[PDB]
Each structure stands twice: as structure tokens, then as C-alpha cells.
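Text of model_30.tsv (TSV, C-alpha atoms and all ligand atoms) as supplied:
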```tsv
chain	number	residue	atom	x	y	z
A	2	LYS	CA	22.81	-71.90	-13.24
A	3	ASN	CA	21.37	-68.97	-11.26
A	4	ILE	CA	22.65	-67.91	-7.82
A	5	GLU	CA	19.14	-68.25	-6.38
A	6	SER	CA	19.49	-72.03	-6.55
A	7	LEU	CA	22.61	-71.96	-4.36
A	8	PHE	CA	21.01	-70.94	-1.07
A	9	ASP	CA	18.35	-71.76	1.49
A	10	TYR	CA	16.24	-68.79	2.56
A	11	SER	CA	15.00	-67.64	5.96
A	12	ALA	CA	11.25	-67.19	6.33
A	13	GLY	CA	11.93	-63.44	6.32
A	14	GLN	CA	13.93	-63.43	3.07
A	15	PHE	CA	11.49	-65.76	1.31
A	16	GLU	CA	8.37	-63.85	2.33
A	17	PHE	CA	9.89	-60.48	1.49
A	18	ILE	CA	10.68	-61.54	-2.07
A	19	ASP	CA	7.18	-63.01	-2.39
A	20	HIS	CA	5.69	-59.71	-1.18
A	21	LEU	CA	7.91	-57.69	-3.53
A	22	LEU	CA	6.77	-59.64	-6.58
A	23	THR	CA	3.12	-59.66	-5.45
A	24	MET	CA	3.16	-55.90	-4.82
A	25	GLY	CA	4.74	-55.51	-8.24
A	26	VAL	CA	1.78	-57.32	-9.79
A	27	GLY	CA	-0.77	-55.17	-7.98
A	28	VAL	CA	0.90	-51.89	-8.91
A	29	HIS	CA	1.11	-52.74	-12.62
A	30	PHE	CA	-2.49	-53.94	-12.96
A	31	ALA	CA	-3.75	-50.99	-10.91
A	32	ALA	CA	-1.92	-48.63	-13.29
A	33	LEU	CA	-3.35	-50.60	-16.23
A	34	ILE	CA	-6.86	-49.51	-15.26
A	35	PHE	CA	-5.67	-45.91	-14.99
A	36	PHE	CA	-4.12	-45.92	-18.46
A	37	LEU	CA	-7.23	-47.59	-19.86
A	38	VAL	CA	-9.67	-44.96	-18.60
A	39	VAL	CA	-7.48	-41.96	-19.54
A	40	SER	CA	-6.92	-43.26	-23.09
A	41	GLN	CA	-10.20	-41.64	-24.21
A	42	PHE	CA	-8.71	-38.22	-23.45
A	43	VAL	CA	-5.80	-38.79	-25.82
A	44	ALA	CA	-5.83	-37.51	-29.41
A	45	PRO	CA	-5.75	-40.19	-32.15
A	46	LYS	CA	-2.15	-39.39	-33.13
A	47	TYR	CA	-0.90	-40.11	-29.59
A	48	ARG	CA	-3.46	-42.66	-28.37
A	49	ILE	CA	-1.26	-45.64	-29.22
A	50	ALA	CA	1.38	-44.27	-26.82
A	51	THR	CA	-1.13	-44.76	-24.00
A	52	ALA	CA	-2.21	-48.15	-25.37
A	53	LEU	CA	1.42	-49.28	-25.26
A	54	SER	CA	1.47	-48.52	-21.53
A	55	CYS	CA	-1.54	-50.83	-21.11
A	56	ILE	CA	0.35	-53.49	-23.05
A	57	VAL	CA	3.46	-52.97	-20.91
A	58	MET	CA	1.45	-53.12	-17.66
A	59	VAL	CA	-0.03	-56.53	-18.48
A	60	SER	CA	3.21	-57.93	-19.94
A	61	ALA	CA	5.25	-56.84	-16.92
A	62	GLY	CA	2.43	-57.75	-14.54
A	63	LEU	CA	2.26	-61.27	-15.97
A	64	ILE	CA	6.01	-61.82	-15.73
A	65	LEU	CA	5.97	-60.64	-12.11
A	66	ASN	CA	2.99	-62.91	-11.40
A	67	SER	CA	4.81	-65.79	-13.05
A	68	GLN	CA	7.97	-65.12	-11.02
A	69	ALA	CA	5.96	-65.07	-7.78
A	70	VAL	CA	4.27	-68.41	-8.44
A	71	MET	CA	7.59	-69.89	-9.59
A	72	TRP	CA	9.08	-68.65	-6.30
A	73	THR	CA	6.47	-70.39	-4.14
A	74	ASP	CA	6.58	-73.50	-6.38
A	75	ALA	CA	10.35	-73.86	-6.10
A	76	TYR	CA	10.69	-73.56	-2.33
A	77	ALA	CA	9.15	-75.24	0.71
A	78	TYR	CA	9.67	-74.69	4.42
A	79	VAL	CA	11.86	-77.62	5.50
A	80	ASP	CA	13.80	-77.95	8.77
A	81	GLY	CA	13.61	-74.26	9.68
A	82	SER	CA	14.24	-72.68	6.25
A	83	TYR	CA	12.89	-72.45	2.71
A	84	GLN	CA	14.74	-74.98	0.57
A	85	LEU	CA	14.74	-75.73	-3.14
A	86	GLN	CA	12.35	-78.49	-4.18
A	87	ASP	CA	11.71	-80.04	-7.61
A	88	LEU	CA	10.72	-76.94	-9.57
A	89	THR	CA	13.18	-74.17	-10.37
A	90	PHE	CA	13.31	-70.38	-10.12
A	91	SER	CA	15.14	-68.17	-12.61
A	92	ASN	CA	15.31	-64.51	-13.61
A	93	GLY	CA	15.97	-65.69	-17.16
A	94	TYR	CA	12.32	-65.26	-18.11
A	95	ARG	CA	12.58	-61.53	-17.36
A	96	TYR	CA	15.14	-61.28	-20.14
A	97	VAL	CA	12.78	-62.99	-22.60
A	98	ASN	CA	9.98	-60.62	-21.66
A	99	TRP	CA	12.24	-57.57	-22.20
A	100	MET	CA	12.39	-58.56	-25.88
A	101	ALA	CA	8.78	-57.38	-26.06
A	102	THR	CA	8.45	-54.76	-23.32
A	103	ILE	CA	11.54	-52.69	-24.11
A	104	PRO	CA	10.48	-52.10	-27.74
A	105	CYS	CA	7.08	-50.98	-26.40
A	106	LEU	CA	8.68	-48.51	-23.99
A	107	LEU	CA	10.81	-47.12	-26.81
A	108	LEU	CA	7.93	-46.92	-29.27
A	109	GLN	CA	5.68	-44.85	-27.02
A	110	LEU	CA	8.56	-42.39	-26.57
A	111	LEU	CA	9.01	-41.94	-30.32
A	112	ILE	CA	5.27	-41.35	-30.66
A	113	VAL	CA	5.08	-38.45	-28.18
A	114	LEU	CA	8.27	-37.06	-29.76
A	115	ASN	CA	6.03	-36.55	-32.83
A	116	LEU	CA	8.11	-38.80	-35.07
A	117	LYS	CA	6.20	-39.99	-38.14
A	118	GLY	CA	6.38	-42.24	-41.20
A	119	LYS	CA	9.86	-42.99	-42.50
A	120	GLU	CA	11.82	-41.48	-39.61
A	121	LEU	CA	9.58	-43.30	-37.13
A	122	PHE	CA	10.04	-46.69	-38.80
A	123	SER	CA	13.81	-46.32	-39.24
A	124	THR	CA	14.43	-44.98	-35.72
A	125	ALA	CA	12.31	-47.70	-34.11
A	126	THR	CA	14.07	-50.38	-36.14
A	127	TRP	CA	17.53	-49.23	-35.07
A	128	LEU	CA	16.39	-48.88	-31.45
A	129	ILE	CA	14.83	-52.33	-31.38
A	130	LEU	CA	17.92	-53.92	-32.94
A	131	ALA	CA	20.11	-52.21	-30.33
A	132	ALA	CA	17.83	-53.28	-27.48
A	133	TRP	CA	17.66	-56.88	-28.70
A	134	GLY	CA	21.45	-56.98	-28.97
A	135	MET	CA	21.61	-55.75	-25.38
A	136	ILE	CA	19.03	-58.22	-24.05
A	137	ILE	CA	20.38	-61.30	-25.85
A	138	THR	CA	24.01	-60.76	-24.85
A	139	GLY	CA	22.87	-60.04	-21.30
A	140	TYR	CA	20.73	-63.19	-21.30
A	141	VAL	CA	23.72	-65.29	-22.35
A	142	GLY	CA	25.85	-63.55	-19.74
A	143	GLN	CA	23.65	-64.40	-16.76
A	144	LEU	CA	23.79	-68.10	-17.72
A	145	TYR	CA	27.31	-67.94	-16.29
A	146	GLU	CA	26.61	-66.00	-13.10
A	147	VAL	CA	27.41	-69.13	-11.06
A	148	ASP	CA	29.83	-71.09	-13.25
A	149	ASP	CA	31.93	-68.32	-14.81
A	150	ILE	CA	31.88	-64.78	-13.37
A	151	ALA	CA	34.52	-63.64	-15.87
A	152	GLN	CA	32.24	-64.67	-18.73
A	153	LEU	CA	29.32	-62.86	-17.09
A	154	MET	CA	31.42	-59.69	-17.10
A	155	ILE	CA	32.54	-59.91	-20.72
A	156	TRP	CA	29.03	-60.58	-22.05
A	157	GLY	CA	27.93	-57.76	-19.75
A	158	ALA	CA	30.51	-55.47	-21.33
A	159	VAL	CA	29.18	-56.26	-24.80
A	160	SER	CA	25.63	-55.76	-23.56
A	161	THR	CA	26.59	-52.39	-22.08
A	162	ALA	CA	27.93	-51.31	-25.48
A	163	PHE	CA	24.49	-51.88	-27.03
A	164	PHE	CA	22.96	-50.15	-24.00
A	165	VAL	CA	25.11	-47.03	-24.42
A	166	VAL	CA	24.46	-46.84	-28.18
A	167	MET	CA	20.72	-47.30	-27.60
A	168	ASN	CA	20.76	-44.48	-25.04
A	169	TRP	CA	22.62	-42.27	-27.51
A	170	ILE	CA	19.91	-42.79	-30.12
A	171	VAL	CA	17.27	-42.00	-27.49
A	172	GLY	CA	19.04	-38.88	-26.22
A	173	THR	CA	19.69	-37.66	-29.75
A	174	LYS	CA	16.05	-38.04	-30.81
A	175	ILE	CA	14.74	-36.48	-27.59
A	176	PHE	CA	16.96	-33.39	-27.60
A	177	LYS	CA	16.52	-32.92	-31.36
A	178	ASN	CA	12.71	-33.21	-31.42
A	179	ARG	CA	12.14	-31.49	-28.08
A	180	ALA	CA	11.40	-28.25	-29.95
A	181	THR	CA	8.46	-29.79	-31.85
A	182	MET	CA	6.55	-30.59	-28.68
A	183	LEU	CA	3.45	-28.76	-27.50
A	184	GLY	CA	1.93	-27.50	-24.26
A	185	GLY	CA	5.26	-27.19	-22.48
A	186	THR	CA	6.03	-30.90	-22.81
A	187	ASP	CA	9.36	-29.87	-24.35
A	188	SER	CA	10.42	-29.39	-20.73
A	189	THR	CA	8.69	-32.57	-19.52
A	190	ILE	CA	10.36	-34.84	-22.08
A	191	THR	CA	13.77	-33.83	-20.69
A	192	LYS	CA	12.88	-35.30	-17.29
A	193	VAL	CA	11.74	-38.45	-19.08
A	194	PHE	CA	15.22	-38.89	-20.56
A	195	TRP	CA	16.87	-38.66	-17.14
A	196	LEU	CA	14.25	-40.97	-15.66
A	197	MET	CA	15.23	-43.56	-18.29
A	198	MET	CA	18.97	-43.16	-17.66
A	199	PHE	CA	18.41	-43.63	-13.94
A	200	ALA	CA	15.84	-46.45	-14.01
A	201	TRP	CA	17.32	-48.53	-16.83
A	202	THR	CA	20.77	-48.44	-15.23
A	203	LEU	CA	19.43	-50.33	-12.20
A	204	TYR	CA	19.17	-53.45	-14.38
A	205	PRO	CA	22.88	-53.92	-15.11
A	206	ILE	CA	23.51	-53.27	-11.40
A	207	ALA	CA	21.19	-56.17	-10.57
A	208	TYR	CA	22.99	-58.19	-13.25
A	209	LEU	CA	26.28	-57.72	-11.39
A	210	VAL	CA	24.94	-58.74	-7.96
A	211	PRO	CA	26.35	-62.27	-8.33
A	212	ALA	CA	29.77	-60.63	-8.69
A	213	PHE	CA	29.71	-58.43	-5.57
A	214	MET	CA	27.13	-60.06	-3.30
A	215	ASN	CA	26.91	-63.78	-3.97
A	216	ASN	CA	24.69	-64.74	-1.04
A	217	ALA	CA	21.03	-65.01	-0.03
A	218	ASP	CA	20.92	-61.31	0.88
A	219	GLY	CA	22.23	-60.48	-2.58
A	220	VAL	CA	19.32	-62.46	-4.02
A	221	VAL	CA	16.96	-60.25	-2.04
A	222	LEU	CA	18.83	-57.12	-3.16
A	223	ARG	CA	18.48	-58.05	-6.83
A	224	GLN	CA	14.72	-58.56	-6.56
A	225	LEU	CA	14.53	-55.27	-4.69
A	226	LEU	CA	16.41	-53.54	-7.51
A	227	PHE	CA	14.17	-55.09	-10.18
A	228	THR	CA	11.11	-53.83	-8.28
A	229	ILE	CA	12.41	-50.26	-8.07
A	230	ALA	CA	13.49	-50.40	-11.71
A	231	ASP	CA	10.27	-51.98	-13.03
A	232	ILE	CA	8.01	-49.48	-11.28
A	233	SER	CA	10.20	-46.55	-12.38
A	234	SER	CA	10.83	-47.63	-15.99
A	235	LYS	CA	7.31	-48.83	-16.73
A	236	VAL	CA	4.81	-47.26	-14.33
A	237	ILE	CA	6.25	-43.81	-13.54
A	238	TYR	CA	7.58	-43.59	-17.09
A	239	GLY	CA	4.19	-44.56	-18.50
A	240	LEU	CA	2.47	-41.93	-16.37
A	241	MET	CA	4.83	-39.26	-17.73
A	242	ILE	CA	4.38	-40.43	-21.33
A	243	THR	CA	0.59	-40.35	-20.92
A	244	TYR	CA	0.73	-36.93	-19.28
A	245	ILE	CA	2.77	-35.71	-22.25
A	246	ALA	CA	0.29	-37.30	-24.68
A	247	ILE	CA	-2.71	-35.63	-23.01
A	248	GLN	CA	-1.05	-32.22	-22.72
A	249	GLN	CA	-0.05	-32.24	-26.39
A	250	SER	CA	-3.53	-33.47	-27.35
A	251	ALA	CA	-5.12	-30.53	-25.55
A	252	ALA	CA	-2.64	-28.09	-27.09
A	253	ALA	CA	-3.42	-29.51	-30.53
A	254	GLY	CA	-7.12	-28.79	-29.98
A	255	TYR	CA	-8.41	-32.23	-28.97
A	256	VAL	CA	-11.52	-31.34	-26.96
A	257	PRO	CA	-11.74	-34.39	-24.64
A	258	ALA	CA	-8.11	-33.70	-23.63
A	259	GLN	CA	-8.89	-30.04	-22.92
A	260	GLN	CA	-11.97	-31.05	-20.94
A	261	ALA	CA	-9.99	-33.66	-18.99
A	262	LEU	CA	-7.27	-31.23	-17.92
A	263	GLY	CA	-10.00	-28.72	-17.07
A	264	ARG	CA	-11.49	-30.99	-14.41
A	265	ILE	CA	-8.12	-31.03	-12.63
B	1	LIG	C1	10.96	-52.84	-18.20
B	1	LIG	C2	12.29	-53.44	-18.27
B	1	LIG	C3	13.35	-52.74	-18.71
B	1	LIG	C4	13.21	-51.30	-19.12
B	1	LIG	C5	14.66	-53.41	-18.74
B	1	LIG	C6	15.78	-52.83	-19.17
B	1	LIG	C7	16.98	-53.66	-19.10
B	1	LIG	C8	18.22	-53.18	-19.29
B	1	LIG	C9	18.48	-51.74	-19.60
B	1	LIG	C10	19.34	-54.14	-19.15
B	1	LIG	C11	20.59	-53.93	-19.56
B	1	LIG	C12	21.71	-54.90	-19.38
B	1	LIG	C13	22.94	-54.37	-19.43
B	1	LIG	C14	23.13	-52.95	-19.88
B	1	LIG	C15	24.20	-55.13	-19.05
B	1	LIG	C16	23.88	-56.45	-18.39
B	1	LIG	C17	22.80	-57.15	-19.19
B	1	LIG	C18	21.48	-56.39	-19.13
B	1	LIG	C19	20.56	-57.01	-20.18
B	1	LIG	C20	20.89	-56.61	-17.74
B	2	LIG	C1	9.72	-46.25	-6.94
B	2	LIG	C2	10.32	-47.07	-5.80
B	2	LIG	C3	9.43	-48.25	-5.42
B	2	LIG	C4	9.97	-48.96	-4.18
B	2	LIG	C5	9.38	-50.36	-4.05
B	2	LIG	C6	9.96	-51.11	-2.85
B	2	LIG	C7	9.08	-50.96	-1.61
B	2	LIG	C8	9.59	-51.84	-0.47
B	2	LIG	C9	11.09	-51.71	-0.37
B	2	LIG	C10	11.85	-52.34	0.72
B	2	LIG	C11	11.88	-51.75	2.11
B	2	LIG	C12	12.99	-52.43	2.91
B	2	LIG	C13	12.49	-53.71	3.56
B	2	LIG	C14	13.48	-54.24	4.58
B	2	LIG	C15	14.20	-55.48	4.06
B	2	LIG	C16	14.34	-56.54	5.15
B	2	LIG	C17	15.45	-57.53	4.82
B	2	LIG	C18	14.90	-58.94	4.78
B	2	LIG	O1	14.11	-59.35	5.66
B	2	LIG	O2	15.25	-59.73	3.87
B	3	CL	CL	-4.84	-36.42	-33.65
B	4	CL	CL	9.06	-56.67	-18.50
```

Just give me the structure of the file as C-alpha cells.
Amino acid sequence: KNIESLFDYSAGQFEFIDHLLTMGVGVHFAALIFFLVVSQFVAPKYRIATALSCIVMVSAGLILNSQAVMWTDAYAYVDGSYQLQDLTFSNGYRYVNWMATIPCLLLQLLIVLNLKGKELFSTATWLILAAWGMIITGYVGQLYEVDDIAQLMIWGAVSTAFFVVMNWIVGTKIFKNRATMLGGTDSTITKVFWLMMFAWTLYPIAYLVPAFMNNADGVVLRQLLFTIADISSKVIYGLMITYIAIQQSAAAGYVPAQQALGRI
């Protein structure tokens, strides 16, 4: 049901995708260790924001690892090209994983925005409902990326509606609570918003690849887009969230944070 199943791959195409996914694994687990060791310099009220990055690193790292092994399982070098064998490859499992990772990305944002209690619970709930609506309708959509392009587009339109509404909630909370933020992170959080708009928008572009480049090179392009998007939306994003957590910790008087920033 996925366009990946339609083609044979050159050694070059096959190895590049393998390397992309493998590099993706290494980057996420490398970052995991960074987030782990810096977590001790985060004040208690923000420390969960950094823990969520650890959770995202392993979750994303495991899905990339799984995709890579699925890739090598599904294809074998036969008569001059990599051809589909008995096992299958699908991006569908990425969509399932987003059900967990996207709420984590959103939650760590709300935390450094200094949301608390009732407003935190209600905002998170609406955000998670919006994200799940987006992910589920998108998941259904890509089931048709070979059989019914028109259906892919319509489900994608519905998914985009959830996407836009989700982004509106995010933008609204960011620009409203920007003023509450310490240590100059009121400026930093603005760049985080634009990072999200950029990085998250790569995913619907990848989703549409079967519509504008239905060939083996389009398969490579999609994996390339996912890699750029994953690293940007999880790793670079996580680094900015953690930086914001540490800076606000130090400004709030948390001594290990102040000491940490003093060494650099
Ligand atoms: C770490 C993974 C992240 C942040 C994934 C985000 C995914 C999206 C923003 C996907 C959105 C989609 C649309 C807006 C339309 C097509 C269907 C989706 C699910 C690919
Ligand atoms: C934050 C951005 C992270 C970027 C991660 C991607 C790094 C490697 C990117 C690809 C370089 C281009 C490789 C050339 C493709 C060769 C085509 C092919 O053989 O299939
Ligand atoms: Cl605290
Ligand atoms: Cl993920």
C-alpha cells in the first residue's frame, strides 16, 4: 500500500537510505546522553522538560532503528538491484510513534512557557487532541498513497486543518506567555516557534511525495525529508528547550544552573 513497495532500488539508493536511518539513530542516542547529563542543572519546576527530551530521543531513536532493520529485512540484492523479499517496509509505524512523541514535544514547550495547574492540563489536553486528530487522519490518508491519490489529498486536507489549529494554539500560548519568561528566554522562545513551523511542515511535504514524485528517487527524497525534520523537530528543538530551561533555572536562583552556565 506504500510506494516503497513499487520499486527496485539501486545499490546507491538502498545504501543511502540505510545510512540516513542509521545516522538518525546515532544522532538521537548521542543527544540522549547530553540531555541526561545536563538534567542535573535544571531546576525542579523545569526538569521534566529535559526528561521529555530524553524520552523523545529514545522513542524516535527506536523507531529509526526499527525502520533501518525493516529496510534491510525487506530487500535483498538480486540480479543487480535491491528487490522486495518476504518482509515489508512501511512508514506507517512513524505515524503510530507520533501519537506518543508529538505530545511529548508539546508538553515540554508548555513547561518552559511556565504554564501550571489548570491552564497546563487544559492546554495540553486540547493540543494532544488536535495532534491526534492530525496524526490519525494523516495515517489513514497514506494508506491510499498508491491506490487512491485523491483520497490521500482529502485526508491530508483534513489533517492539515488539525495541524493549523494546533499551530494556532501553540503560537497563541507562546506569544501570550512570552512575557513571563526569565533570563532573556522571552526572545529565545520566539525562535522556537519558527523552528516548529519550519520543521513540522516538512512532514506534510514528505506525505505528498507520492503525488509529485512517485518513483524510487522520491522514496529517497521522503526519507531525506524525514531525517531533516526529525533532527530539527526533536534534537535541535530539544536543545533549545533545554537551553531555555537552564537559563530560566539560573535566573530563578537555582545554583547548579548558575554554576553550569558559569563554566561556559
Ligand atoms: C517528531 C515528529 C514530528 C514532530 C512529526 C510531526 C508530524 C506532522 C506535523 C505531520 C502532519 C501531517 C499533515 C499536516 C498532513 C499530512 C498528514 C501528516 C500527519 C503527515
Ligand atoms: C539539520 C539537517 C540535517 C541533515 C541530515 C542529512 C545529511 C545527509 C544529507 C544528504 C546529502 C545528499 C546526498 C546525495 C544523495 C545521492 C542520491 C542517491 O544516491 O540516492
Ligand atoms: Cl524549581
Ligand atoms: Cl517519532

key: Within 9 Å of residue 40 in chain A using only C-alpha atoms, minus same-chain residues under 2 positions, as an NGL selection string   = :A and (35-38 or 42-44 or 48-49 or 51-52 or 243 or 247)

Just write the chosen residues, C-alpha atoms, as a PDB file, in the coordinates of the input.
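Generated output (selection_15.pdb):
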```
ATOM      1  CA  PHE A  35      -5.670 -45.910 -14.990  1.00  0.00           C
ATOM      2  CA  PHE A  36      -4.120 -45.920 -18.460  1.00  0.00           C
ATOM      3  CA  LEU A  37      -7.230 -47.590 -19.860  1.00  0.00           C
ATOM      4  CA  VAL A  38      -9.670 -44.960 -18.600  1.00  0.00           C
ATOM      5  CA  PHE A  42      -8.710 -38.220 -23.450  1.00  0.00           C
ATOM      6  CA  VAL A  43      -5.800 -38.790 -25.820  1.00  0.00           C
ATOM      7  CA  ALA A  44      -5.830 -37.510 -29.410  1.00  0.00           C
ATOM      8  CA  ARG A  48      -3.460 -42.660 -28.370  1.00  0.00           C
ATOM      9  CA  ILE A  49      -1.260 -45.640 -29.220  1.00  0.00           C
ATOM     10  CA  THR A  51      -1.130 -44.760 -24.000  1.00  0.00           C
ATOM     11  CA  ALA A  52      -2.210 -48.150 -25.370  1.00  0.00           C
ATOM     12  CA  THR A 243       0.590 -40.350 -20.920  1.00  0.00           C
ATOM     13  CA  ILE A 247      -2.710 -35.630 -23.010  1.00  0.00           C
TER      14      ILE A 247
END
```

inquiry  = Residues within 9 Å of range 130-142 of chain A, please, as a VMD selection string. Count only C-alpha atoms; anything in the same chain fewer than 2 positions from it doesn't count.
reply    = chain A and resid 93 96 to 97 99 to 100 103 to 104 125 to 128 144 to 146 150 152 to 164 166 to 167 205 208

request  = Write as a VMD selection string the residues around ligand LIG 2 (chain B), taking 7 Å as the cut-off and counting all atoms listed in the file.
outcome  = chain A and resid 13 to 14 17 21 218 221 225 228 to 229 232 to 233

query = What is the CA of residue 174 in chain A-atom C15 of ligand LIG 1 (chain B) distance in Å, reported with one decimal?
reply = 22.3 Å

request  = Dump the neighbourhood of ligand CL 3 (chain B) as a ChimeraX atom specification: all residues within 12 Å, distances computed on only C-alpha atoms and all ligand atoms.
outcome  = /A:42-49,112-113,115,246-247,249-258

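Computed from the coordinates, the CA of residue 63 in chain A to CA of residue 215 in chain A distance equals 27.5 Å.
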
ask   = With distances taken over all atoms listed in the file, which of A:241, A:149, A:216, A:235 is nearest to residue 186 in chain A?
value = A:241

Spatial neighbours of residue 239 in chain A, max dist 10 Å, all atoms listed in the file, sep filter under 4 positions, as a ChimeraX atom specification = /A:32-33,36,50-51,53-55,57-58,106,109-110,193,232-235,243-245

Any chance you could build range 177-196 of chain A out to N, CA, C and O atoms and write it as a tab-separated table (two decimals), keeping the file's coordinate frame?
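Output contents, as saved in rebuild.tsv:
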```
chain	number	residue	atom	x	y	z
A	177	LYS	N	16.74	-33.48	-30.03
A	177	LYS	CA	16.52	-32.92	-31.36
A	177	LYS	C	15.05	-32.54	-31.59
A	177	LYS	O	14.76	-31.50	-32.17
A	178	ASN	N	14.14	-33.40	-31.14
A	178	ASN	CA	12.71	-33.21	-31.42
A	178	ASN	C	11.96	-32.55	-30.28
A	178	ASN	O	10.74	-32.35	-30.35
A	179	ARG	N	12.69	-32.22	-29.22
A	179	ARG	CA	12.14	-31.49	-28.08
A	179	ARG	C	11.40	-30.22	-28.52
A	179	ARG	O	10.34	-29.90	-27.99
A	180	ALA	N	11.95	-29.53	-29.50
A	180	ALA	CA	11.40	-28.25	-29.95
A	180	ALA	C	10.03	-28.38	-30.62
A	180	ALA	O	9.26	-27.42	-30.66
A	181	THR	N	9.72	-29.57	-31.14
A	181	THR	CA	8.46	-29.79	-31.85
A	181	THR	C	7.28	-30.02	-30.91
A	181	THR	O	6.13	-30.13	-31.36
A	182	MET	N	7.55	-30.12	-29.62
A	182	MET	CA	6.55	-30.59	-28.68
A	182	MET	C	5.72	-29.46	-28.07
A	182	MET	O	6.22	-28.37	-27.82
A	183	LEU	N	4.45	-29.76	-27.84
A	183	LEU	CA	3.45	-28.76	-27.50
A	183	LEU	C	3.14	-28.71	-26.01
A	183	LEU	O	3.48	-29.62	-25.25
A	184	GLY	N	2.48	-27.62	-25.60
A	184	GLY	CA	1.93	-27.50	-24.26
A	184	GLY	C	2.95	-27.55	-23.14
A	184	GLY	O	2.61	-27.88	-22.01
A	185	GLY	N	4.19	-27.22	-23.46
A	185	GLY	CA	5.26	-27.19	-22.48
A	185	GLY	C	5.89	-28.54	-22.22
A	185	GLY	O	6.73	-28.67	-21.33
A	186	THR	N	5.50	-29.55	-22.99
A	186	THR	CA	6.03	-30.90	-22.81
A	186	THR	C	7.47	-31.00	-23.31
A	186	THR	O	8.13	-32.03	-23.11
A	187	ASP	N	7.95	-29.94	-23.95
A	187	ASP	CA	9.36	-29.87	-24.35
A	187	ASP	C	10.24	-29.88	-23.10
A	187	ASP	O	11.36	-30.39	-23.13
A	188	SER	N	9.72	-29.33	-22.01
A	188	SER	CA	10.42	-29.39	-20.73
A	188	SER	C	10.24	-30.76	-20.07
A	188	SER	O	11.18	-31.31	-19.49
A	189	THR	N	9.03	-31.30	-20.16
A	189	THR	CA	8.69	-32.57	-19.52
A	189	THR	C	9.51	-33.73	-20.09
A	189	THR	O	9.97	-34.59	-19.34
A	190	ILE	N	9.68	-33.74	-21.40
A	190	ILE	CA	10.36	-34.84	-22.08
A	190	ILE	C	11.84	-34.95	-21.65
A	190	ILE	O	12.43	-36.02	-21.73
A	191	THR	N	12.40	-33.84	-21.19
A	191	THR	CA	13.77	-33.83	-20.69
A	191	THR	C	13.89	-34.64	-19.39
A	191	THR	O	14.86	-35.38	-19.20
A	192	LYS	N	12.91	-34.50	-18.51
A	192	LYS	CA	12.88	-35.30	-17.29
A	192	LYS	C	12.66	-36.78	-17.59
A	192	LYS	O	13.09	-37.65	-16.83
A	193	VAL	N	11.96	-37.07	-18.68
A	193	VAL	CA	11.74	-38.45	-19.08
A	193	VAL	C	13.07	-39.11	-19.45
A	193	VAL	O	13.33	-40.24	-19.05
A	194	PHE	N	13.90	-38.39	-20.19
A	194	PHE	CA	15.22	-38.89	-20.56
A	194	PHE	C	16.04	-39.29	-19.33
A	194	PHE	O	16.62	-40.37	-19.29
A	195	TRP	N	16.08	-38.41	-18.34
A	195	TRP	CA	16.87	-38.66	-17.14
A	195	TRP	C	16.26	-39.76	-16.29
A	195	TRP	O	16.97	-40.51	-15.62
A	196	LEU	N	14.93	-39.87	-16.32
A	196	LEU	CA	14.25	-40.97	-15.66
A	196	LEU	C	14.70	-42.30	-16.26
A	196	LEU	O	14.94	-43.27	-15.54
```
